[PDB]
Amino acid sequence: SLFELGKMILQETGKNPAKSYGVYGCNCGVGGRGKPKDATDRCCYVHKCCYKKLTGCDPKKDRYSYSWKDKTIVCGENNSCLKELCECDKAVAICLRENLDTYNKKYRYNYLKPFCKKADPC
């Protein structure tokens, strides 16, 4: 769910998740996808795409189990959808972490998300 997602992002990036990615670019946080503004944004673009492949569970409300092992997010082996959901979340946290080098504060609070160019299909 959103809780696990935010926690993973905090763990991987060490940044307030909502603060840094709640409204970042055209794909991070609220809203759907849009033309990515940068690598960090693409991470979220990929993440939202990952969510579409899910069936059987609610990505935003459904809680799933995962642990912190050797500073690595390890998804619990619960049901298939929750499992894939968890992996989707793990992947975006990791991706956001990997692209902190280009993270740009200027994209942090994009209140113009509705104006973003339409995203191509996943």
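Basically, rigid core = biggest C-alpha set you can superpose within 1.5 Å across the two forms. Numbers for residues come from their place in the sequence shown, where the first is 1.
**Q** After a core fit, does 84-92 or 67-75 show the bigger CA gap to the shown form in 6 other deposited structures of this protein?
**A** When 67-75 and 84-92 are compared in 6 other deposited structures of this protein, the bigger C-alpha shift is seen for 67-75.
**Q** Hey, which bit's got the bigger mean C-alpha B factor in the entry, 61-69 or 90-98?
**A** Between 90-98 and 61-69, it is 61-69 that shows the higher mean C-alpha B-factor.
**Q** Got a sec? Mean C-alpha B-factor, which is higher, 41-49 or 78-86?
**A** Between 41-49 and 78-86, it is 78-86 that shows the higher mean C-alpha B-factor.
**Q** When the deposited Cα B-factors of this chain's modelled residues are ordered and cut into thirds, is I9 in the lowest, the middle or the highest one?
**A** Lowest third - that is where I9 ends up once the chain's C-alpha B-factors are sorted.
**Q** Looking at the C-alpha B-factor of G25, is it in the lowest, middle or highest third of its chain?
**A** Bottom third by C-alpha B-factor.
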